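So basically every Cβ, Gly included, is an ideal-geometry build from the backbone, and we count neighbours across all protein chains shown. Just so it is clear, none of the values below were taken in a lab; they were calculated from the coordinates.
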Amino acid sequence: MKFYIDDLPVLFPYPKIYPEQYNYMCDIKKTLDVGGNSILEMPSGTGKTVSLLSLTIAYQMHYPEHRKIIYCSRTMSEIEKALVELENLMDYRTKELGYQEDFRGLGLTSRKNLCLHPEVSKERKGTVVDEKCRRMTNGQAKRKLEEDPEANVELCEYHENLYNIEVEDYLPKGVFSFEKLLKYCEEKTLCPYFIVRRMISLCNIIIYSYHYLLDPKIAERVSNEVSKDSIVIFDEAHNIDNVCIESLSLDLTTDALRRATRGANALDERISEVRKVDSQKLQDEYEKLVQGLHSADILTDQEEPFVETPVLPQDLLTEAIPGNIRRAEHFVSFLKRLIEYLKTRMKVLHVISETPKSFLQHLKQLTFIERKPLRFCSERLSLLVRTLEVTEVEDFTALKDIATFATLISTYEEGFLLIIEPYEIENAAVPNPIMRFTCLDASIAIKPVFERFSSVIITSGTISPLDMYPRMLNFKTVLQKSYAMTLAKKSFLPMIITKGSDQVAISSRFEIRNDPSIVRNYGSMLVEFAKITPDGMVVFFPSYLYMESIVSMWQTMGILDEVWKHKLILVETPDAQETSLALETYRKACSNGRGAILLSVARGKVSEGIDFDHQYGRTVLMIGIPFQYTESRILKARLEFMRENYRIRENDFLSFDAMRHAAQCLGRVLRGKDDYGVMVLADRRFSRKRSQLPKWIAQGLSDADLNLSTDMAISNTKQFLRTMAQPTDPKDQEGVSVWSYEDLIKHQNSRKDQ
Amino acid sequence: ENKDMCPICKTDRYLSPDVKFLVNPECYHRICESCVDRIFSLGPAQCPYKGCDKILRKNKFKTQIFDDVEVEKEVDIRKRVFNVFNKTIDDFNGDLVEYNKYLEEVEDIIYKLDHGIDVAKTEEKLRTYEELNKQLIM
Ligand code: SF4
Ligand SMILES: [Zn+2]
């Protein structure tokens, strides 16, 4: 299609369009005109990516100013979905117009999946794979390689052929999807990691996980050339406020404290051994500290940086000498004085949430170490370690967390919280204290990204209401509007099973345990679906531990064989590797004749990134209300902070947040308007939260569907499937919800110009 | 800790660690109340810490429990430096760089004292502390 929004061609890759899309198209350009925030709700059943990319890509190719576009998704899995979608649209944009791209657009996932060196790629741990190639292709290791001819230092050689051919230009013209990128890079024996690392200043659009925008330790290479005058795009960003606070979160364990002593004592050996050999550089680095923060070679580091910037990207940084901490022996001494004080603060017999100030003052009372120099731990460690040119990190892995933490808490106050549990309640009565620490307001990290740009886009099919987030992140949008699914057919049956076959108000809030009155009713309720439902059916527990709780007794119950006698059952596994193998086989079985049934957690990772088409998404299950206070009052602590900071209480936020995570899972049942699937839910309180739903979801929910019985619901979904299974192809009223190819959008919307 | 707590109650980590496994300021090892109370009651006697011979002094002990005695001794050396430099002229004129330089010297005195790898300034630091004490006394 090629229509206009009164200013720009719209090279829409599909012949068909949708009424939401043009309304989506109407607002995106309108928002694009006035760079703001404009939080909008677009139904996930429609593919917003097409409406997303098409108007934006044209906008850059029509308006000649915004040469850089930024999209931040939740998962790199979404990135490759966007990567091919852009690639297809880029092909289509060329297809409709010829060759008018000259465009650079690539994803960004990690070094782990982009380090093409097989040995480094073979390693499992993401830290090591990063660290290995960091060491394998290091600014100093290559010196140990180039200056001293030796086999001691090897290289990825992908970074080298990067420096040979790749660091003169870009990859020729492709908008490389991850498969296409990896296929190309491997044939060029290239490193897509270092490629995008240097391609930061070259990609006309960049797609990556929110963390590269959010996580300052990886949101630190930010170049204002691609950032300042760019547009920021967010979808499904509702479950990111937690991520933001998670990005500032930090859990500690006395074992790691001993690991810290393991590293910190090893530092004493490391600094002493080089001191006998070459302390002159260390003395020279003291002068490099005497001149300042040694930004000459603590930032100008091709592959040198040991400690990254865990704090926000150098906003709250001082650069003077650290007084006496200039000496490494002194530097470790306060650190060694600290870790034991930390241990002395870790050994608390009960749970204590210590204020950042009082705890710091308490430290000062115990170990008189000043706050401002304490932030220098991160820079000093990154500085010192490379000067030590250590050959290992595992002993020092605990240390960078301290360099993270000690800088963090010394930088952060009255927006963060240090809390020292004496153990974990799930394994209480044993000594396992955690010195848990995190932020409280998510907007704190959002404020710099708020500050840096005006044109920012946020979208979700789940966000409801669209007002908590402006309250939460303390910002003003332009358009706070929700889109409804223009469907002339049901295509999904929202079902609230408050009452079971027993007509019992059934819930997950009662306990995190089993009661067969509710549970066996649930088990009996579930099995009838296995017979009637086709391949594709998933459950979402409120908690993984709660998930396992119900599993064993149902396994003990005879309920287990019949569903196997009906379909295939695949579990959620703590390792995603087995889970992935389950997932593909589940989809394979879903693609296969033998039916497949799944089971997950509403907080599980599947609800985060994994979508399911018509066949793959057929019958979603919400196992009770997804609730999170199974854990401690750290939720309440932030919530109490939330309650005092914002006039939002627990349950209101909880219902908002729980249904947000509930709706987070439910968005994965749909692929397009061709897709469909009944949306069953089983909890007594589900009837109350009819308002908390997103509009189209709430619109799709009739009031007659509340507190339904499973038996009556079984009849309800019974007819739905056959009707949907029936080839409902009117081909005349479809154009009402299709806005027939290049005509109705041209005709109707231009008619609707009044 | 796990197995180094006492000549008597060696595995005292899980043995109800309620008795004071205190450290004599001149012995620097974990001595349980089953052992230390046998000692200081009669006076300055040595404890059999794996056959140790250092004297546990009279009723003049200190509290050190579960605070990394060696690092605590370094902290004590830092505290000794903090005690020696309790009235040290660092910000008497308010100069931060001078105080920054002065702080380095006191830490080096602690660093010389608390290291012991090639401690020779450590004895000089005590003399310097004595010189500081001479400055402090006078
Ligand atoms: S040089 Fe390239 S392929 Fe080799 S480990 Fe580093 S990033 Fe991976
Ligand atoms: Zn004993």
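Modelled this way, with points 7 Å down the Cα-to-C-beta line, the labels at A:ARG452 and A:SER632 are 3.4 nm from one another.
For the peptides A:277-283, A:585-591, residues were scored by their other Cβ atoms within 10 Å and the scores averaged per peptide; the highest-first order is A:585-591, A:277-283.
For segment A:52-149, what number results from the quotient of the Cα radius of gyration and 2.2 N^0.38 Å? Walk me through the numbers on the way to the answer.
On the way: Rg = 18.9 Å, N = 98, 2.2 N^0.38 = 12.6 Å.
So segment A:52-149 has a normalised radius of gyration of 1.51.
Taking a point 7 Å from the Cα of A:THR189 along the Cα-to-Cβ direction, the residues of segment A:163-182 with backbone N closer than 13 Å to it are A:163-165. Based on DSSP H segments of at least four residues, each scored -39500 (n - 2.57), the protein assembly as shown has a per-residue ellipticity at 222 nm of -14000 deg cm²/dmol. Can you spot the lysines whose alpha carbon is less than 20 Å from B:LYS62's alpha carbon? Ignore those fewer than 8 places along the same chain. Counting by Cα, and skipping residues close in sequence, B:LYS62 has these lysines nearby: A:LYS343, A:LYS347, B:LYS20, B:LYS54, B:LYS73, B:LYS79. Between helix A:328-346 and chain A there is an angle of about 50 degrees, using the helix long axis and the longest principal axis of the Cα atoms.
Relative to the longest principal axis of the Cα atoms of chain A, the long axis of helix A:576-591 lies at roughly 20 degrees.
Between B:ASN2 and A:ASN592, take the C-beta separation as r, use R0 = 51 Å, and let me know the FRET efficiency to the nearest 0.05. Walk me through the numbers before you get to the answer.
Numbers: r = 54 Å, r/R0 = 1.07.
Calculated transfer efficiency: 0.40.
Centre-to-centre separation between the Cα atoms of segment A:419-494 and those of segment A:640-695: 13 Å.
With K and R counted +1 and D and E -1, the other residues having a Cβ less than 10 Å from that of A:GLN314 yield a net charge of -4. Under 19 Å of direct C-alpha separation, and excluding same-chain neighbours fewer than eight residues apart, A:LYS718 reaches these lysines: A:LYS489, A:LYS490, A:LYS499, A:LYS531, A:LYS567. Here's the list of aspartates and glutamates a cross-link from A:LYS180 could span, going by alpha-carbon distance under 20 Å and ignoring same-chain residues fewer than 8 apart: A:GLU78, A:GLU80, A:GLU85, A:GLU87, A:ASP91, A:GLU101, A:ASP102, A:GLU166, A:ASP169.
When only alpha carbons are used to place a centre, segment A:85-121 and segment A:232-301 end up 34 Å from one another.
Determine the shape class of segment A:650-750: with a ≥ b ≥ c the square roots of the Cα gyration tensor eigenvalues, call it rounded for a/c under 1.5, and otherwise prolate if a/b is greater than b/c, oblate otherwise.
It comes out oblate by the Cα gyration axes.
Restricting to bridges with both residues inside chain A, how much of the DSSP beta-bridge set is antiparallel, in percent to the nearest 5?
Details: 14 of 52 bridges.
The antiparallel proportion sits near 25 percent.
Under 1.5 on a/c is rounded, so check that first for segment A:447-535, then, if it is not, pick prolate when a/b is larger than b/c and oblate when it is not; a ≥ b ≥ c are the square roots of the alpha carbon gyration tensor eigenvalues. Judged from the Cα gyration tensor, segment A:447-535 comes out prolate (a/c at least 1.5, a/b above b/c). Rounded to the nearest 10 degrees, the angle from helix B:96-115 to the longest Cα principal axis of chain B is 30 degrees. Here segment A:681-698 is scanned for amide nitrogen atoms under 18 Å from the site 7 Å beyond the Cα of A:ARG471 along Cα-to-Cβ, giving A:689-695.
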